[PDB]
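Next up: a single chain in structure tokens, the form deposited in one PDB entry.
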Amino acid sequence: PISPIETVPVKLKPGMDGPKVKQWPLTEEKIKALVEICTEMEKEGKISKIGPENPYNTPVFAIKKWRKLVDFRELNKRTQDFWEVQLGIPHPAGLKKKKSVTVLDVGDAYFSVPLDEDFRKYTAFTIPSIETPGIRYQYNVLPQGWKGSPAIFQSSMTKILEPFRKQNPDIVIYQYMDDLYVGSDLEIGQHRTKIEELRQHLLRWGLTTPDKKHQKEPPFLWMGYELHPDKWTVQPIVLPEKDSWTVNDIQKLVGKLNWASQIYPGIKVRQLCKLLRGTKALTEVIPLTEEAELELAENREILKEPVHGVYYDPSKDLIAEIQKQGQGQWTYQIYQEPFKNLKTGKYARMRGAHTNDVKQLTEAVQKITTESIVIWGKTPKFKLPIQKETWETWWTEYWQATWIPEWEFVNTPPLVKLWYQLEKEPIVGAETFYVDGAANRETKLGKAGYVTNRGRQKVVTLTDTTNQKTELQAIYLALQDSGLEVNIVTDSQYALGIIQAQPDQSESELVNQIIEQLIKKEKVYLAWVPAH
């Protein structure tokens, strides 16, 4: 049955016209099946037999009795845009715990909405002949596979659910694709009563809701998760055992494994990723190394762990703890009460051009903050492995505006600290190295060196080098040859940046070498001076 609901005014993109796609010819076997399916839809009021007036047409096919398939790809190319049909999908950690939850499938089979009469002509299609005229039709309802159907379907369900919602504030209904999720904290019998009242309400609008045979029951499959009444678990992750792995297999496997590192602790893929080096074909077979076999082996075991979480309780605190798993790697878990996680996560190592750990910490805090607001509409209280004095010292001086929402210190190693802090003033009694480096940027031949106030000096010859690398190399040599306290003068513009940001990680192996050196010194003062 069709619904007695107003139509939404649809239009075709700017100036474009309806499709005129030639009907792919079929076999007598397929035509008969289509002619049947279509006579059934014609009586239901879904399609209308139409004349030659219509210059438009969409191809119809036969798949599997037989099932009909209309290829609207072309209509969809010429159909106006709509408001992005709810793009962000719900995360189980944001679902409030409810006593009862029931799923109502309002799919197309059960849900038929009328089409904007003005637009119906563009949906025209033709059932071929055995040479002679074929049978022409057009849709009177939202076609399955057409661009606007998901949006108009959702908009319609919303209009229809408005009354019920105002009348049952103790009940919450979530919309996602063809399904309605209805939950409440009412007594199970009362809950069931309201579901039935709703079903009867959709029935009134032309929505024949489900069959006892098509009713979904707990747990629920929510994109890799299993939603149980009091908690969620994750659908088993299967790692195929083989004696022959191709590039494609390894990549797929890495893919599936990277997703698991989010929920599971200890997942590693370094040795499996190594297998991808120099690969010439996807089908190419790469023998697993010894370490890859072990890694894969240990992961199979980690995935046999019963990782579970719980649901949201708005009357309780929202807490998020963070750990540094390695340089640039951050792990986190958001919970309300100790050990009962709502959600856990990991942020792939960021390979910046140059940054520091405290900065990377704020970036993790910000990503979690954004995630939380989406999921819970609130920001968590943070537990960060950094002292309040370390934070104060860094942020207050840093050239860039930065911030962390309300947080507290949790002493869980390793802790994030400032690996070094350039002196504010020149060091008295410390050798002063005047460094300098130059190179022909074309020949890439250069020299680096220094001359200290104490008479010490050096110059190194470098081939295949840039001017930047020599200048930085100059600084590096001064750091090597100096004592634990050193003043260094340079006209390097990039060094000026180091004084400002004082990075502890970067893209240059050279800068990295310098940082290791900076860290090792007890005192370092960097002074920049204009060249010449």
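Throughout, rigid core stands for the largest set of C-alpha atoms superposing within 1.5 Å between the two forms. Numbers for residues come from their place in the sequence shown, where the first is 1.
- Coordinates are absent for 1 to 3 residues of the deposited sequence placed between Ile130 and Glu131.
- Deposited sequence between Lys49 and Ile50: no residues lack coordinates (chain continuous).
- Taking only CA atoms, the mean B-factor in the PDB entry is higher for 41-49 than for the other of 41-49 and 494-502.
- Looking at mean Cα B-factors across 218-226 and 365-373, the upper value is held by 218-226.
- Highest C-alpha temperature factor among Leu477, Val489, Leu26, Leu484 per the entry: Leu26.
- When the C-alpha B-factors of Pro150, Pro426, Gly107, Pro143 are ranked from the entry, the top spot goes to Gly107.
- The deposited CA B-factor of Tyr137 belongs to the highest third of values across its chain.
- The entry lists a Cα temperature factor for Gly345 that places it in the middle third of the chain's modelled residues.
- When the modelled residues of the chain are ordered by their C-alpha B factor, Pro287 lands in the highest third.
- Residue-level temperature factors show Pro210 in the highest third of its chain, judged at the C-alpha atom.
- Per-chain ranking of the deposited C-alpha B factor places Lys22 in the highest third.
Note that the form deposited in another entry isn't included here; everything after this is about it.
- Only one entry in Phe382, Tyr332, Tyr312, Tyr264 has its C-alpha moved by 2 angstroms or more between the shown form and the other one when the rigid core is superposed, and that entry is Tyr264.
- In the core-superposed comparison between the shown form and the other one, the C-alpha atom of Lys166 has shifted by less than 2 angstroms.
- The rigid-core alignment places the CA of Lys447 2 Å or more apart between the shown form and the other one.
- Comparing the forms between the shown form and the other one on their rigid core, the Cα displacement of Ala364 stays under 2 Å.
- Relative to this form, the distance between the C-alpha atoms of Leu203 and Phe111 is increased by at least 3 angstroms in that other deposited form.
- A change of 3 Å or more separates the two forms for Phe111 and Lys194: their C-alpha atoms lie farther apart in that other deposited form.
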